[PDB]
C-alpha cells in the first residue's frame, strides 16, 4: 500500500519539549517560547524504508505523577513516544509513572513504547546521564534515544524510530 496511516501519541512531564520536538519534525523550526499544550494534532508524511506514511501525531498536555492517564490515549494509537528532559530529574521520575499507567490501561497488548531524552543540547544543566536513560529504556524493552528540539535531525529520527519499532511488532 503506497501509504499507511499510523497514529502516534507523545507523552511526558510538562516542559520537556514534546511540542518543540514535534514542531521541529513537522514545521522544521525550533519554537523558542513556551506555551503549555492542551492538545495539538499534526498529520505529516514520512517515509521509513521506502514505505510512505500518513503519520498522525498527538502532542499531549504535560502530565505529572498524580495526573490520571487519559483513556483516549489508551485506545487506537499505534505508537507511543515517552519523552523526558535530561535537565530535569523530575521529568525522568514522572516518565516512569506515566509508563506504568500506560501499560496498565493498554492491557495485555503488544504496543510499541519508545523512551526519549530531550534537551540534549543544554550541556551545562544536564542532570541525567545517557546510560541511565538507556537502562530504563532497556528495562522496558523500548528503543531509547536522546534528542534536541533544536537539532532537527535528532527530531526526525525520533519519529522515524517509532515507525521502525511499529512495523516490527506488526511483523
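Here the rigid core means the biggest group of C-alpha atoms that line up within 1.5 Å when the two forms are laid on top of each other. Positions refer to the first chain, counted from 1.
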More variable segment, 89-97 or 75-83 [Cα RMS over structures in 4 other deposited structures of this protein, core-superposed]
75-83
Which of these two stretches, 133-141 or 61-69, has the larger RMS Cα offset in 4 other deposited structures of this protein when the rigid core is kept aligned?
61-69
Residue 120 unmodelled in at least a third of other compared entries:
no
Given that the flanking residues are present, does residue 108 go without coordinates in at least a third of the other entries of this protein?
yes
The stretch carrying the higher mean Cα B factor in the deposited entry, 70-78 or 96-104, is 70-78
Highest mean C-alpha temperature factor of the two stretches 110-118 and 27-35, which is it?
27-35
Residue 61 by Cα B-factor - lowest, middle or highest third of the modelled chain
lowest
How does the C-alpha B factor of residue 49 compare with the rest of the chain: lowest, middle or highest third?
lowest
Ranking every modelled residue in this chain by its Cα temperature factor as given in the entry, which third contains residue 124?
highest
Grab the CA temperature factor for residue 166 from the record and place it in the lowest, middle or highest third of its chain.
middle
So where's residue 160 on the chain's Cα temperature factor ranking, which third?
middle
